[PDB]
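Counting convention: from 1, in listed order, for ligands and their atoms alike. So you know, we letter chains A, B, ... as the sequences are listed, proteins then strands, and number each from 1. FYI, side chains are in, hydrogens and waters are out, and symmetry mates aren't considered; it's all heavy atoms of this structure.
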Amino acid sequence: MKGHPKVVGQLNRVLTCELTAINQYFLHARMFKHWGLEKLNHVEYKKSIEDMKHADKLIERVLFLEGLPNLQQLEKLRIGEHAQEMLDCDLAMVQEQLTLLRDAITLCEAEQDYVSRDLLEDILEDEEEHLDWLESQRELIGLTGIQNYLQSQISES
Amino acid sequence: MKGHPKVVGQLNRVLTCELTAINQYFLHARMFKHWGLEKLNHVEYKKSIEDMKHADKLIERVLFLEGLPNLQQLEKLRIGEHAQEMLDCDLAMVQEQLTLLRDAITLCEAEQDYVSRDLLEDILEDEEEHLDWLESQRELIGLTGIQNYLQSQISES
Amino acid sequence: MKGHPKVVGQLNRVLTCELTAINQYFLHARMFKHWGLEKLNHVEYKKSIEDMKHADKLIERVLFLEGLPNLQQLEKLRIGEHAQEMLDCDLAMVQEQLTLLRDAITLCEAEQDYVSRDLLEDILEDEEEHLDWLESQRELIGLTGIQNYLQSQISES
Amino acid sequence: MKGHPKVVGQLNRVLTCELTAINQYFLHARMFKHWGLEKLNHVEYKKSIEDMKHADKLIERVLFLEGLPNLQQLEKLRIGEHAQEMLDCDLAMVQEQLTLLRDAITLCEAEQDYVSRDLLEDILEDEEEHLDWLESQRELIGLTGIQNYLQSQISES
Amino acid sequence: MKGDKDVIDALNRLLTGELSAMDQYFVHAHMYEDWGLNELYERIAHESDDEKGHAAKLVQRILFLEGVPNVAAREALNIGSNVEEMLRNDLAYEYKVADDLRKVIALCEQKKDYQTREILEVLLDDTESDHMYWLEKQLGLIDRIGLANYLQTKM
Amino acid sequence: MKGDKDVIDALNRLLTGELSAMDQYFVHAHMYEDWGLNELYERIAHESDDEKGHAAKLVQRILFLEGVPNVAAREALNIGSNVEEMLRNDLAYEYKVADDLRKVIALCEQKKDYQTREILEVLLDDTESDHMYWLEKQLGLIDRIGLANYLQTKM
Amino acid sequence: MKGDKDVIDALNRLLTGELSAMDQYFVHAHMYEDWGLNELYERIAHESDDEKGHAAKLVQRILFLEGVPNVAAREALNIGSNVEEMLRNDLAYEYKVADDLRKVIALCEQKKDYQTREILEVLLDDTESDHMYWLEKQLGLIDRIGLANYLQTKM
Ligand code: HEM
Ligand code: HEM
Ligand code: NA
Ligand code: NA
């Protein structure tokens with residue numbers, strides 16, 4: 001089905017941002033593994049796998065809409081040096097990506113692209129569950145301290 | 001363990017090339033799925049998963065060697081328009097990446113980095129098994145024709 | 001719950017079109033079975049079963065909204081003579097029915113009928129997955145030829 | 001096998017009537033479900049499934065006989081407002097359809113179309129078992145009253 | 001995240017509605033059990049549990065949106081005295097909840113708060129396709145078989 | 001049976017208490033979940049469910065005694081802002097419920113309503129041996145290991 | 001077969017290293033157990049067992065190469081007095097073993113003794129990817145959470 005050019009452009013931009021998220025989440029997961037923080041590894045890895053599924057769905061939607069998926073471009077990665085900075089960078093990226101998703105859902109509704117909108121709404125609920133998790137982690141660092149919080153991440157389960 | 005700067009640079013370059021391979025293989029797998037060629041989808045997807053594991057191992061090795069994994073850079077993607085062109089682009093990328101791996105193995109041996117060399121040798125055997133598969137596919141297209149070859153890819157198993 | 005008259009009219013029109021789709025898909029599935037093309041039989045039959053479920057849901061929604069389901073009217077059936085013509089007729093009907101679904105989703109949103117809209121969005125995603133499949137089949141006929149494509153449909157699995 | 005034109009015409013007319021029966025039985029089953037009469041739902045739904053199988057067999061027979069199945073035409077639907085009226089409409093349709101089946105069996109015997117006759121005899125035994133069930137329901141309404149009879153249909157099993 | 005102020009107010013009104021629904025379904029289920037009508041007791045108790053699930057989802061959403069859930073406020077309960085009256089009160093109250101849910105879904109669409117929109121769409125789907133439909137079926141059955149036959153099936 | 005009028009009034013006050021407890025434990029459990037403190041969320045949610053069970057028993061007893069359960073009235077909720085405050089509010093409110101339960105058990109003994117006495121004795125046994133004791137243990141643990149260690153165990 | 005004389009000498013030095021590692025990991029694991037730090041006890045005991053496996057492989061290779069394994073000689077053990085010191089001594093000694101393994105792998109490559117090369121490459125892969133990495137992670141965790149939090153996780 002020939003999709004709207006604006007919808008394909010928005011999907012390609014959400015795809016760029018999902019790929020940037022995959023890369024940042026995997027680098028952060030492996031930086032966490034390198035420090036022995038295994039539960040943070042596990043969370044960031046499953047989140048990178050999740051954005052992997054999201055990018056897969058966006059590529060398939062851009063292909064179905066007879067567009068050209070743009071896997072070449074990536075955004076700038078925010079790689080932190082320590083756990084708090086990495087969590088803040090992840091938070092900032094989730095927030096930017098949620099703003100982007102909301103703009104794309106608005107445009108998909110304006111163009112009567114309703115299955116693109118359903119796709120983007122699944123991506124939105126997932127990204128906003130991870131936003132919830134990151135805010136929980138920040139509150140936990142504020143509550144128990146960074147040393148106690150990091151001690152809880154040593155064991156993966 | 002503090003690794004050699006040359007070995008970390010070579011590992012980062014092999015990592016750039018593994019990430020480029022992941023992106024190209026996934027775009028090609030989903031272009032194949034979009035055309036109903038399901039067995040080609042499956043092969044290109046498992047190959048992208050394999051280069052995914054390779055990039056994971058390279059990131060972990062660069063981190064263990066107290067280097068900075070470079071997930072930001074990607075090489076230029078060769079995306080084909082039809083099956084033969086996509087297979088040729090995959091072939092060209094495997095060949096370039098094998099040359100790179102051989103240079104990196106030589107350097108790792110010259111620096112007595114033997115576990116980096118073992119890592120790169122696993123990546124080499126995998127990449128060169130996929131080279132074998134791509135050459136098999138080209139011979140099969142030459143033997144049965146492109147229409148017969150593509151008909152064999154319709155069903156995934 | 002007393003539904004909007006416009007929403008019930010749109011649901012009844014989508015129902016007419018879903019019933020026409022059931023009839024056309026079943027006639028085409030049995031024309032395919034008559035020719036020994038068993039995998040095409042299976043696809044067209046499961047698609048007719050799927051539009052059967054869609055018509056069931058539309059009837060239940062029109063009844064819940066205190067409307068009168070119109071199972072009496074059917075649209076004109078496009079019955080092809082050969083496989084390509086039948087697939088093109090199926091494509092044309094899916095495209096018309098998708099346009100209809102999009103108009104109905106727009107109207108359901110304008111009337112704050114949000115569960116009617118959710119129903120129609122499920123029907124839209126299903127119809128547009130079948131649109132994807134039909135476009136895949138057309139690309140496969142263009143790639144492998146009609147004789148090779150039809151040979152792949154002889155065995156159902 | 002090239003079938004007799006009269007036999008194919010009779011099979012197409014029995015097919016029109018079987019399709020009309022499918023539609024009427026499904027509308028009635030869902031009207032019963034909408035009223036909470038679940039056992040009546042179940043009976044009318046399995047009867048619509050049964051006429052579905054009958055229409056499938058008639059389509060396959062008309063196709064084997066090198067005829068054109070007519071799924072486009074439907075007869076007028078008798079949709080009742082309440083349970084007794086719906087059961088009477090179902091009764092009237094079964095009786096008309098049984099008369100039609102008997103005429104078609106007579107013609108199939110006159111044309112030495114004996115497998116068409118066996119098909120139509122299976123359809124006849126099924127339709128006349130449902131005639132038996134409908135007459136049983138009318139006798140039960142006369143015996144226990146309509147309020148007691150409808151109370152027995154609330155639970156599906 | 002920081003939710004829209006109007007979206008949090010509307011979510012809090014929906015929460016008041018769900019909590020009042022819980023109380024009304026609770027007392028009605030137990031009034032049905034006191035009368036030996038165990039099938040209505042079980043159905044209405046499970047609906048009170050579903051209202052508790054909806055209220056949990058709304059409270060979680062209000063807290064995520066950095067609002068203060070209001071579980072103290074309650075709407076006036078309309079308790080029936082006989083089975084038909086309690087079923088009609090439950091239906092009136094489901095109608096009010098569905099209307100208010102539609103208003104808040106429209107508001108969430110205007111305020112770009114899509115995720116609250118799907119939470120409320122799941123709530124509206126339950127309200128319509130789970131218990132408004134059931135109540136309309138029950139009142140239609142009372143109309144068809146009579147109240148004494150209807151109550152006999154509910155024991 | 002026809003219950004004593006004072007016993008039904010006291011049962012209705014206990015019902016108001018149990019329903020307010022349910023609301024407070026509900027919002028506190030969800031405030032704990034919003035903060036990532038899943039162990040407190042789960043514990044306090046199960047206690048809200050136990051309050052719902054107690055309220056069900058009280059409503060059943062009031063209806064059996066031919067009274068009218070009052071599920072509309074609610075006491076003022078005391079919602080805390082931080083973990084220690086919410087635990088102390090839950091403890092204060094459990095103390096009040098236990099005191100009021102003891103008064104009503106004494107009343108049921110004077111009014112010869114022995115069966116209401118054992119229903120309320122089971123309620124008092126839960127209130128003391130299930131969650132008042134747990135809250136006192138939690139506050140003592142906060143005193144022993146500190147609040148940051150205590151909250152670390154609750155994730 | 002008749003192995004190269006230099007390759008057997010280097011294999012015997014690697015054997016002395018592995019045996020000293022075994023002794024040090026043994027006494028350190030038991031010093032961890034004496035202190036109630038059972039997770040460190042178990043980890044360091046399993047590493048002493050892996051050192052025993054490496055020493056077995058080296059002895060088998062030296063005997064196959066028609067050499068005389070030297071299990072009598074031992075390097076000086078560096079026993080720590082507190083957890084950080086024992087972890088740092090284990091890390092220093094893993095570093096020394098990895099350096100010496102690299103020298104012997106280079107020698108086996110020059111002497112065409114490829115099979116000794118892969119035996120030592122498996123040993124080096126264990127030394128790096130099994131316990132040098134683990135020790136660096138442990139020291140980084142001590143740096144991040146502190147020593148008292150780190151030791152609390154090891155009980
Ligand atoms: C830094 C780059 C990446 C790394 C290190 C990485 C790593 C991984 C790993 C380890 C897996 C699981 C493999 C398995 O256990 O079978 C995976 C799964 C997957 N990846 Fe990636 N990946 C990367 C980028 C991407 C990209 C860019 C895409 C698509 C555009 C992608 C698509 C997928 C898909 C579809 C899956 C399957 C989901 C699943 O595991 O269930 N990946 N990835
Ligand atoms: C030309 C008309 C139709 C034919 C020949 C037909 C045929 C069939 C057949 C053979 C089955 C599978 C039965 C079984 O194996 O148990 C089926 C299933 C079904 N049909 Fe139809 N059907 C027709 C129209 C309809 C219509 C108009 C509706 C609803 C408005 C409908 C609703 C259903 C449903 C709900 C199912 C169950 C889905 C399933 O099989 O899992 N059908 N149909
Ligand atoms: Na062929
Ligand atoms: Na601690």
Task: Protein residue, atom and distance nearest to atom 24 (C) of ligand 2, heavy-atom basis - done: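 Protein heavy atom at minimum distance: C:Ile22 CG2, 3.6 Å.
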Open item on the list: Give me the nearest non-hydrogen protein atom to atom 40 (O) of ligand 2 as residue plus atom name, then the distance to 0.1 Å.
Closed with: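 Nearest protein contact, heavy atoms only, for atom 40 (O) of ligand 2 is C:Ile49 CG2, 3.8 Å.
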- [ ] Report the member of D:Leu58, D:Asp56, D:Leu19, C:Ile59 with the shortest heavy-atom distance to atom 30 (C) of ligand 2.
- [x]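 When every heavy atom of D:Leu58, D:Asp56, D:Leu19, C:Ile59 is considered, C:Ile59 comes closest to atom 30 (C) of ligand 2.
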- [ ] Measure from atom 32 (C) of ligand 2 to every heavy atom in C:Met52, C:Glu50, C:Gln24, D:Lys57 and give the option owning the shortest one.
- [x]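 Minimum heavy-atom distance to atom 32 (C) of ligand 2 goes to C:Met52.
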- [ ] May I ask you to check if any N/O/S atom from A:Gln147 comes under 3.0 Å of the Na ion (ligand 4)?
- [x]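 So A:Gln147 does not count as coordinating the Na ion (ligand 4).
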- [ ] May I ask you to check if any N/O/S atom from F:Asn149 comes under 3.0 Å of the Na ion (ligand 4)?
- [x]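 Here the distance criterion (N, O or S atom, under 3.0 Å) is met by F:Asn149, so yes.
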Would you mind running through ligand 2 and noting each atom that sits below 4.0 Å from a heavy atom of [X]?
| X | result |
| --- | --- |
| D:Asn23 | 27 (C) |
| C:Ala55 | 30 (C) |
| D:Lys53 | 13 (C), 14 (C), 16 (O) |

TODO: Kindly indicate whether the side chain of C:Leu150, heavy atoms from C-beta on, has any atom under 4.5 Å from the side chain of C:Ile141.
DONE: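 A side-chain contact under 4.5 Å is absent here.
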Open item on the list: With heavy-atom distances below 4.5 Å as the criterion, would you say the side chains of D:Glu60 and C:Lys33 are in contact?
Closed with: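 The answer is yes, as the side chains (C-beta and beyond) meet within the 4.5 Å cut-off.
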Task: Derivation and outcome, side chain to side chain donor-acceptor pair (under 3.5 Å), residues A:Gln151 and G:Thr153 - done: CA-CA 8 Å; A:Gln151 154 163 35; G:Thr153 61; 5.1 Å; no
Open item on the list: For a side-chain contact (heavy atoms from CB on, under 4.5 Å) check, start with the C-alpha distance between D:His54 and D:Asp122, then their side-chain angles and the critical distance, and finish with the verdict.
Closed with: CA-CA 9 Å; D:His54 293 163; D:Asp122 309 340; over 6 Å; no
Task: Mode of C:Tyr45 contact toward ligand 2 - side chain, backbone, both, neither (heavy atoms, under 4.0 Å) - done: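 Within the 4.0 Å criterion, C:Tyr45 contacts ligand 2 through side-chain atoms alone.
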TODO: Could you tell me whether C:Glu50 and C:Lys46 have a side-chain N and a carboxylate O separated by less than 4.0 Å?
DONE: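 A salt bridge is absent here (no side-chain N lies under 4.0 Å from a carboxylate O).
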Open item on the list: Which residue is it: D:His130, D:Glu129, D:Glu127? I am looking for the one with a side chain to side chain donor-acceptor pair (under 3.5 Å) to D:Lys47.
Closed with: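 Among D:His130, D:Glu129, D:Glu127, the one meeting side chain to side chain donor-acceptor pair (under 3.5 Å) with D:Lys47 is D:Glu127.
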Task: Intermediate values then yes/no, side chain to side chain donor-acceptor pair (under 3.5 Å), D:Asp90 and D:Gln24 - done: CA-CA 8 Å; D:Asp90 277 14; D:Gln24 169 161 327; 3.1 Å; yes
Open item on the list: Any N/O/S atom, side chain or main chain, of D:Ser48 closer to atom 21 (Fe) of ligand 2 than 2.8 Å?
Closed with: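 D:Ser48 does not place any N, O or S atom closer than 2.8 Å to atom 21 (Fe) of ligand 2.
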Open item on the list: Tell me whether the Na ion (ligand 3) has C:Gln151 as a neighbour, meaning an N, O or S atom of it below 3.0 Å.
Closed with: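 A backbone or side-chain N, O or S atom of C:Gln151 is under 3.0 Å from the Na ion (ligand 3).
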- [ ] Is it possible for you to check whether D:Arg30 lies under 6.0 Å from the centre of the six-membered ring of D:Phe26, through NZ or CZ, and within 45° of that ring's axis?
- [x]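 Because its charged atom sits under 6.0 Å from the ring centre and within 45° of the axis, D:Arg30 does stack over D:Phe26.
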